[PDB]
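Below you'll find the structure, written out as structure tokens, and then a few comments.
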Amino acid sequence: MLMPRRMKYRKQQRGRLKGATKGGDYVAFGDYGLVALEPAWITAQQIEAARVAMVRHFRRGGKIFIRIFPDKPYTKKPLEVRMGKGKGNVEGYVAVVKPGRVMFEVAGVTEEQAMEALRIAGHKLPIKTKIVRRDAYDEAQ
Amino acid sequence: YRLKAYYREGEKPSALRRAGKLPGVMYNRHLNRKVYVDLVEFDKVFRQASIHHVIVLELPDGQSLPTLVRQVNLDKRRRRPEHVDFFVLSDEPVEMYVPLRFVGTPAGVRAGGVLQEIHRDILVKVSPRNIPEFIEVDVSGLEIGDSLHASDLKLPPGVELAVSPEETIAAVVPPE
Amino acid sequence: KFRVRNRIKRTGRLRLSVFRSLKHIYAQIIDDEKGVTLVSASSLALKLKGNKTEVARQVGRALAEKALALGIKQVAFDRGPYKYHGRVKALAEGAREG
RNA sequence: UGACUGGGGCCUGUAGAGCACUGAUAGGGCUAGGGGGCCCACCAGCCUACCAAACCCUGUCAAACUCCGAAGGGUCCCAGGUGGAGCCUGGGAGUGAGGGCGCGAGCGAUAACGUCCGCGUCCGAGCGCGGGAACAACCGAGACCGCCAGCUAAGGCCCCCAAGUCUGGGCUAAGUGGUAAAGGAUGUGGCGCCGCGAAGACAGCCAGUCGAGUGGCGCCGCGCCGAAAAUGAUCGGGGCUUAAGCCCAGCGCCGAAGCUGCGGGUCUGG
RNA sequence: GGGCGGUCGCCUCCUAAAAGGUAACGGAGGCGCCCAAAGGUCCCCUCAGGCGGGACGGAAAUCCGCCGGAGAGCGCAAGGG
RNA sequence: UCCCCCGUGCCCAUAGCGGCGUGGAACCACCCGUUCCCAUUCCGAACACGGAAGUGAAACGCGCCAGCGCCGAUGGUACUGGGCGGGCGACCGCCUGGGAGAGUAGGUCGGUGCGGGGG
């Protein structure tokens, strides 16, 4: 799917979502990118449906960069059980995404096809998106 | 390229950004002081300029002092600069990341390939008087195997790169 | 290295440091915390014989006479890489004992 | 000597950030093994848009990782601080079922008038009073008594209902206002900076006539669809459209058991 | 809700909101011993790894040479040291 | 007061690694020996003792260098005591006191006490 192959611990806490992105906020790999406006946890099966869609669209195409990882585990209790009795089982993996993170990138394809393939992705994603180019993304000195 | 800048007393950085006037700063080993270009203007300039080419800053002293844009502090959300740093020059072999042209068409545009432009601005040393530009590299016998990097380029004597050589510059990598 | 620094095992004041060189043998009484020498003596660098262990005692007795004169009574013995043997300042006078 | 506050000195590993340690990580370089083509079994040899250690470059993640690190908090000293403060010894208790709200975490499904702790508040015991249509804990305010006096607070000034159909500039035509999302649309109004227009086709019939404003994404204000549940409906009601709605100024009034004015009581202190 | 299941004392880390303390049938491990030298003191000595080089010798049997401030070691969990 | 070297403290890498020059009259070390004191799980390697034929090769002292290492502003943000907002809610904005970390300009092959010997 897209999960870590080793972890110190199998389950972890939930945690809040503060603003900003801290990092990941400038393009730096391909030509066109997809940036986030709303904070959310993004599941692996979403990231995938987004990946396969990208490629689907422009078959035999360029390169895609998935600049995010589902490192965080998702717990959920079996159906129709009561509370307590300790934490759930781990049922999947997600990645924490906050406003400004650049999630995806493509390179080496017609501006025409880039604009399009990125737009289809946002339809796979539970948040609001925006598309971007290659402007003052020059953090050299 | 030119740009009207203006002295700051150090008052209300919030007020200035809301009144169109992006704050920044100028510095070098003799003078660091505080300035406010206009967003409107700086955009036309930096979008063409960046930090491969050189700006000059006309103050209330006629002094159009020559500069390079060291650092730009972005907003994280709704991309939109907050602050600019200006490196005051004269005649010393200072650094900068002069761009590269990628003239040509590798063999990897036919047996499944794309060009990846790993590091399309490389760092170097040379006095302000000497300001090279597009340091082209030719690509044509670069198939899907591995690919060229570092010191394999076209360096005008005066140019003295500060890299390795090993830092990868480009590659020819497969399709989807 | 010869780390050693048993001299670090000094608690309760007044250090009698000793230096053994291939030709010579020197010694200074130090008051630390202050960071200051009070009294001293040396081998032929004090103007003396060309022997070894005999010479040692002589510089020893030397240090004794000079210290008691200042009002200094008791101390604690050093040499970092001592190996307390041969060239010893087994002298009367100073109250560091033994 | 108190709470609280000013000035100093220690102690601390959170928010935030970072990748030096522990682990995780996407891509490229460099490169042990292994797979596999060239091929010989006497074992070597060359290649491979295969899987791939260690290491380096770029880019990141972490309650049980930290090179780093605030605001604050803890404590000690010197001061202000006369308070239904404080400290010491003793007589009398009740309580040991809490609840909502705000902020910081865990559990839960970033569900619950859910549940666990931590910091604060109000109800409890202020279901006494004003605002909120009605309503313990949201806003205003801590009610000794009396008065056909005066000023205010939240919230209000078209009628029900006390006080402005008050003044000046904008927006909205859906009754939006009068409570819903992904995603859709030449609805409007205000900014843009790009095409290219006497190589005078943007729209129309042979391109001549035609003789000018045409398209293109992108920002901001206000609104439109998306919008189906069970006894009779409604924003509290009537009713409101250059407003009695929304935005921005300005002056004035109404409004409590709060604050003044006058008279009285009781308890402390003087 | 009660049962069936699980648990009941003790230590280490996190939850713990940069003093202390702090809950849940919250996340994750250990103890119910051992040492007659594994104790006292005095005098000595310094690791793990890595790359060379060496008969039998693996991929560290023992030998030699460089590099290597601690990642080794400290009877057993984890933390601090 | 001014140089050089030998001891010994305080600062805690701006003192460090690596490069390159120097220094033996005096200090210092290496050096000569193993009878003697005292040594080796085997080795005078190390400790130790008696010496002075030789050398500054090694070690140490002193310089100079920025490749790695180390230090590092100013600005501007993140976050936040206290006060107040917008929204129906994940969350977002103002006012007033405080203010990082990364990154940039740049800084660094030390400083400084006490005592000895030599001009």
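How things are named: the first chain in the structure tokens is A, the next is B, and so on; residues count from 1 in each chain; ligands count from 1 in the order shown.
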
Selection near segment 64-71 of chain E, 9 Å with only C-alpha atoms (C1' of nucleotides), sequence-local residues under 6 positions removed, as a PDB file with C-alpha atoms (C1' of nucleotides), in the first residue's frame:
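Saved the output as selection.pdb:
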```
ATOM      1  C1'   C E  47      36.807   0.647  24.543  1.00  0.00           C
ATOM      2  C1'   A E  48      33.263  -0.982  20.191  1.00  0.00           C
ATOM      3  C1'   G E  49      34.029  -0.463  15.457  1.00  0.00           C
ATOM      4  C1'   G E  50      36.634   0.170  10.405  1.00  0.00           C
ATOM      5  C1'   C E  51      40.623  -0.399   6.705  1.00  0.00           C
ATOM      6  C1'   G E  52      45.049  -2.733   5.878  1.00  0.00           C
ATOM      7  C1'   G E  53      49.024  -7.331   6.850  1.00  0.00           C
ATOM      8  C1'   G E  54      49.519 -12.696   8.660  1.00  0.00           C
TER       9        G E  54
END
```

Report task. Restrict the distance test to only C-alpha atoms (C1' of nucleotides), flag each residue of chain D within 8 Å of chain A, and return the flagged residues as a list in words. Result -> residues 23, 24, 25, 26, 27, 59, 60, 61, 63, 107, 108, 109 and 110 of chain D

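Nearest residue to residue 27 of chain E, choosing from D:195, D:106, D:114, D:128 and counting only C-alpha atoms (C1' of nucleotides): D:106.
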
Surrounding residues of residue 151 of chain B excluding itself and chain neighbours under 2 positions, 7 Å, only C-alpha atoms (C1' of nucleotides), as an NGL selection string:
:B and (149 or 153 or 165)

Could you write out, as a PyMOL selection string, all the residues of segment 36-94 of chain C that DSSP marks as strand (DSSP E)? chain C and resi 36-41+76-77

Give me a file of those residues, with N, CA, C and O atoms, as a compact mmCIF listing (two decimals), in the first residue's frame.
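Full text of part_6.txt as output:
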```txt
# COMPACT_ATOMS: atom_id res chain seq x y z
N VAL C 36 48.37 30.30 42.89
CA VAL C 36 49.57 31.03 43.23
C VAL C 36 50.62 30.17 43.92
O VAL C 36 50.31 29.51 44.91
N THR C 37 51.86 30.21 43.44
CA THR C 37 52.98 29.62 44.18
C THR C 37 53.46 30.54 45.33
O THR C 37 53.47 31.77 45.21
N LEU C 38 53.83 29.91 46.45
CA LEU C 38 54.36 30.58 47.64
C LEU C 38 55.85 30.31 47.88
O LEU C 38 56.56 31.18 48.41
N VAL C 39 56.29 29.09 47.57
CA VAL C 39 57.65 28.61 47.90
C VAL C 39 58.15 27.66 46.79
O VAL C 39 57.33 27.01 46.10
N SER C 40 59.48 27.58 46.61
CA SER C 40 60.09 26.77 45.55
C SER C 40 61.57 26.36 45.78
O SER C 40 62.23 26.79 46.74
N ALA C 41 62.04 25.51 44.86
CA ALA C 41 63.42 25.00 44.80
C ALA C 41 63.53 24.05 43.58
O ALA C 41 62.52 23.58 43.04
N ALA C 76 50.44 18.40 51.27
CA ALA C 76 50.11 17.12 50.64
C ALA C 76 50.98 16.83 49.39
O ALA C 76 51.12 17.67 48.49
N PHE C 77 51.51 15.61 49.33
CA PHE C 77 52.50 15.23 48.33
C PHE C 77 51.93 14.87 46.95
O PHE C 77 50.89 14.23 46.84
```

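With the cut-off set to 10 Å and only C-alpha atoms (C1' of nucleotides) counted, chain F residues close to chain A are residues 78, 90, 91, 92, 103 and 104 of chain F.
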
File of the preceding selection, N, CA and C atoms (P, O5', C5', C4', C3', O3' and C1' of nucleotides), as a PDB file, in the first residue's frame:
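Written output follows (result.pdb):
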```pdb
ATOM      1  P     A F  78       4.026  35.088  12.530  1.00  0.00           P
ATOM      2  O5'   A F  78       4.506  33.722  13.204  1.00  0.00           O
ATOM      3  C5'   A F  78       4.544  32.530  12.384  1.00  0.00           C
ATOM      4  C4'   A F  78       5.214  31.369  13.087  1.00  0.00           C
ATOM      5  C3'   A F  78       4.595  30.924  14.405  1.00  0.00           C
ATOM      6  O3'   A F  78       3.386  30.184  14.226  1.00  0.00           O
ATOM      7  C1'   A F  78       6.950  30.987  14.611  1.00  0.00           C
ATOM      8  P     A F  90     -13.968  23.550  16.419  1.00  0.00           P
ATOM      9  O5'   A F  90     -13.565  22.374  15.421  1.00  0.00           O
ATOM     10  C5'   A F  90     -12.382  21.587  15.661  1.00  0.00           C
ATOM     11  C4'   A F  90     -11.819  21.047  14.365  1.00  0.00           C
ATOM     12  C3'   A F  90     -10.486  21.641  13.910  1.00  0.00           C
ATOM     13  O3'   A F  90      -9.413  20.872  14.463  1.00  0.00           O
ATOM     14  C1'   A F  90     -12.044  21.671  12.108  1.00  0.00           C
ATOM     15  P     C F  91      -7.996  21.553  14.849  1.00  0.00           P
ATOM     16  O5'   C F  91      -7.888  22.756  13.800  1.00  0.00           O
ATOM     17  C5'   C F  91      -7.771  24.148  14.203  1.00  0.00           C
ATOM     18  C4'   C F  91      -8.350  25.071  13.145  1.00  0.00           C
ATOM     19  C3'   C F  91      -7.778  26.490  13.089  1.00  0.00           C
ATOM     20  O3'   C F  91      -6.563  26.637  12.347  1.00  0.00           O
ATOM     21  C1'   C F  91     -10.163  26.568  13.047  1.00  0.00           C
ATOM     22  P     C F  92      -5.558  27.878  12.642  1.00  0.00           P
ATOM     23  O5'   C F  92      -6.414  29.165  12.238  1.00  0.00           O
ATOM     24  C5'   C F  92      -6.373  29.705  10.899  1.00  0.00           C
ATOM     25  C4'   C F  92      -7.297  30.900  10.730  1.00  0.00           C
ATOM     26  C3'   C F  92      -6.823  32.255  11.264  1.00  0.00           C
ATOM     27  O3'   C F  92      -5.865  33.002  10.489  1.00  0.00           O
ATOM     28  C1'   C F  92      -9.072  31.902  11.902  1.00  0.00           C
ATOM     29  P     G F 103      21.102  26.225   9.400  1.00  0.00           P
ATOM     30  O5'   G F 103      21.002  27.401   8.333  1.00  0.00           O
ATOM     31  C5'   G F 103      20.325  27.193   7.083  1.00  0.00           C
ATOM     32  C4'   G F 103      19.803  28.506   6.555  1.00  0.00           C
ATOM     33  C3'   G F 103      20.834  29.606   6.358  1.00  0.00           C
ATOM     34  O3'   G F 103      21.713  29.418   5.257  1.00  0.00           O
ATOM     35  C1'   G F 103      18.928  30.515   7.371  1.00  0.00           C
ATOM     36  P     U F 104      23.218  29.959   5.344  1.00  0.00           P
ATOM     37  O5'   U F 104      23.048  31.543   5.275  1.00  0.00           O
ATOM     38  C5'   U F 104      22.564  32.142   4.059  1.00  0.00           C
ATOM     39  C4'   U F 104      22.479  33.643   4.167  1.00  0.00           C
ATOM     40  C3'   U F 104      23.776  34.370   4.469  1.00  0.00           C
ATOM     41  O3'   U F 104      24.711  34.403   3.395  1.00  0.00           O
ATOM     42  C1'   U F 104      22.070  35.252   5.808  1.00  0.00           C
TER      43        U F 104
END
```

Sort by chain and increasing residue number a table of all residues of chain B within 7 Å of chain F, each with its closest pair of atoms and their distance in Å to one decimal, counting only C-alpha atoms (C1' of nucleotides), and write it as CSV.
```
residue,atom,partner,partner_atom,distance
B:25,CA,F:75,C1',6.4
B:27,CA,F:105,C1',6.5
B:28,CA,F:105,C1',5.8
B:29,CA,F:105,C1',6.6
B:70,CA,F:104,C1',6.7
B:71,CA,F:104,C1',6.6
B:83,CA,F:76,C1',6.0
```

Same residues, N, CA and C atoms, output as a PDB file, in the first residue's frame:
```
ATOM      1  N   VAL B  25      15.857  44.560   3.876  1.00  0.00           N
ATOM      2  CA  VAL B  25      17.051  45.079   4.496  1.00  0.00           C
ATOM      3  C   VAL B  25      18.208  44.996   3.512  1.00  0.00           C
ATOM      4  N   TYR B  27      22.559  44.845   3.484  1.00  0.00           N
ATOM      5  CA  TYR B  27      23.724  44.627   4.322  1.00  0.00           C
ATOM      6  C   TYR B  27      24.964  44.152   3.584  1.00  0.00           C
ATOM      7  N   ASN B  28      26.103  44.476   4.193  1.00  0.00           N
ATOM      8  CA  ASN B  28      27.458  44.053   3.777  1.00  0.00           C
ATOM      9  C   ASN B  28      28.378  44.318   4.961  1.00  0.00           C
ATOM     10  N   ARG B  29      29.673  44.081   4.821  1.00  0.00           N
ATOM     11  CA  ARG B  29      30.555  44.158   6.004  1.00  0.00           C
ATOM     12  C   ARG B  29      30.771  45.572   6.636  1.00  0.00           C
ATOM     13  N   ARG B  70      19.793  38.137  -1.162  1.00  0.00           N
ATOM     14  CA  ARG B  70      20.271  36.957  -0.419  1.00  0.00           C
ATOM     15  C   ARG B  70      19.172  35.969  -0.035  1.00  0.00           C
ATOM     16  N   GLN B  71      18.158  36.486   0.654  1.00  0.00           N
ATOM     17  CA  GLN B  71      17.174  35.665   1.327  1.00  0.00           C
ATOM     18  C   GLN B  71      15.798  36.308   1.196  1.00  0.00           C
ATOM     19  N   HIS B  83       9.592  39.547   3.557  1.00  0.00           N
ATOM     20  CA  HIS B  83      10.864  40.230   3.843  1.00  0.00           C
ATOM     21  C   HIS B  83      11.958  39.863   2.828  1.00  0.00           C
TER      22      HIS B  83
END
```
